[PDB]
Amino acid sequence: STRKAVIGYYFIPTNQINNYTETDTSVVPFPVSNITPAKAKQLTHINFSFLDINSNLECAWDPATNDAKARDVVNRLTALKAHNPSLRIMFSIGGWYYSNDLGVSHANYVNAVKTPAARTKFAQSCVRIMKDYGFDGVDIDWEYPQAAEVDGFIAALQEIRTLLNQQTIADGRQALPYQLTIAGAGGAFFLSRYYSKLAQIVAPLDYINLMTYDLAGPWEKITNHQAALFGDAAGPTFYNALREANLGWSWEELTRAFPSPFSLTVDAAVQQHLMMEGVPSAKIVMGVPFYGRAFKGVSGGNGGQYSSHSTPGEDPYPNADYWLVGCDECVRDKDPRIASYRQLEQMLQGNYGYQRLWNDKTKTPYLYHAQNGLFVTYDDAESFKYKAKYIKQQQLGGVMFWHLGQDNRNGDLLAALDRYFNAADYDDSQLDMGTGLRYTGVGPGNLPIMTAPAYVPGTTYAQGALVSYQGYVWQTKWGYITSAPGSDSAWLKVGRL
Ligand SMILES: CNC(=O)NC(=N)NCCC[C@H](NC(=O)C[N-][N+]#N)C(=O)N(Cc1ccccc1)Cc1ccccc1
């Protein structure tokens, strides 16, 4: 069996690069030296983030970046490869701040992919940056192209792919070829922007790293788990926006693929990808958060889950009330709404009044502060057992996480992921996946194996009848049908032999 990818973001802001030091955590909280040899061996990829696209429509460092310091920080990451010959140091272009619809560089993303000439110039700059700084591949985190941008974006990925392949040959890197990945939407609403062209988007990639987290946040009316593996029938449900994608499918095909409303979960996003023909499970990487999302003003009853709340949604955080009791990092970062797993462990250990609770449907933990009305949705080594098992069972390519600086000091989240995939003595064959709600959609890419009596010409088939014919199992949509399955619109392809 081939090794699961373990992809960790390394995020460092420009001011920290410009003042880079390994001996002052109040200037750089998580320097490269915290990535020990043992961590380096547990990772397959580190995604250095974030570069940007400039107004010249080229991949570029933030213009305030000190170049010598940048090279130095990158050199420190690539030196980690000494401990792990499989390890790649990628760089990521984009992120939410640079690339969101209202982000500071958004128009550069749109314009870079818009014409053949712009794509060539952009693609070349990506490979030039990669070679200049010693990176091992390119990750694109544009959140998110839409509409006519999608065709440009696909052409841009195809062109970057060809240039990476040229570079792999030029460098004799066939043992560790240069790679191309993107960070993909992990929820139907954003995914619907490019969903109909998913196979084309994924074809040029080594992996699509699904952002299957941030599925709950202060923008929602109701608290919820941000990365539930499976659904909880007591939780909120959402309109399935994919059924409105430009797919050209029939009513029955849409309905069978896109139940609505549906539970917004990791399993939903993964299945939504697998339903598409030409999207291989081995390219799908499951993102997990190394941080929790915190809400205030929540009611009692169900541990703070699925409650109204009074958490500000504005950015930046609009006042100086840091109400996440015990979160020192929140004070430092002026935002009580996000806490690293590292910080959450300390909050749980201190005398701050949190209970750690567990939802056995979603297979995720949450903190509840009964006295102040606080709710925190996060992941730990325990929720990772179910996710890693799901990853193995669904034959996904691996796991990605945001971000390395958020693991605890011992790096237990990373070590847990590595152990669940690679430890000879770890056994999850008996781990019970629970009865949480599964996403049941079936599309052309994930037909189940089925059997049925062979189709017989001259027979009149009632609605709902199942037959096998030319490699597939088919179901009549109404009765009485006598046509050969697949030859007109009366038959639904429901399974494969
Ligand atoms: C590798 N790429 C990603 O992981 N991308 C990603 N998570 N994109 C969506 C995130 C949107 C943004 N996310 C975070 O703050 C993640 N936190 N961490 N760690 C987000 O939640 N908001 C948009 C934003 C954030 C910062 C600056 C500008 C815009 C809204 C928000 C609401 C409440 C607290 C923090 C952010």
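Positions are given from 1 along the sequence. Both ligands and their constituent atoms are indexed starting at 1 by order of listing. Values reported hereafter were calculated over all heavy atoms of this structure, with side chains retained and with hydrogens, waters and symmetry mates removed.
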Could you see which bit of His403 sits under 4.0 Å from ligand 1, with heavy atoms only: side chain, backbone, both or neither? neither
Could you point out which residue of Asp232, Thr364, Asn302 forms a side chain to side chain donor-acceptor pair (under 3.5 Å) with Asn359? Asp232
Just to check, does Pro218 reach to within less than 4.0 Å of ligand 1 when the distance is taken from its heavy atoms? yes
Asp141 N/O under 3.5 Å from ligand 1 N/O: yes
Against heavy atoms of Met211, which atoms of ligand 1 measure under 4.0 Å? 2 (N), 3 (C), 4 (O), 5 (N), 6 (C)
Under 4.0 Å, counting heavy atoms only: does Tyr317 come that close to any atom of ligand 1? no
State which residue, out of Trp402, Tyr98, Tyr10, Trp96, fulfils the ring-ring contact (aromatic ring centres under 6.0 Å, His included) condition with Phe50. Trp402
If we number the atoms of ligand 1 from 1 as shown, the ones under 4.0 Å from a heavy atom of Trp402 are 1 (C), 18 (N), 19 (N)
Nearest non-hydrogen partners of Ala245 and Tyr195, listed with the distance: CB-CD2, 4.5 Å
From the list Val28, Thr21, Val73, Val27, side chain to side chain contact (heavy atoms under 4.5 Å, CB included) with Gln16 holds only for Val28
Closest heavy-atom pair and its distance - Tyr322, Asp335: CE2-N, 4.1 Å
Would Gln406 count as a contact residue for ligand 1, given that I'm defining contact as a non-hydrogen atom of the residue lying under 4.0 Å from a ligand atom? yes
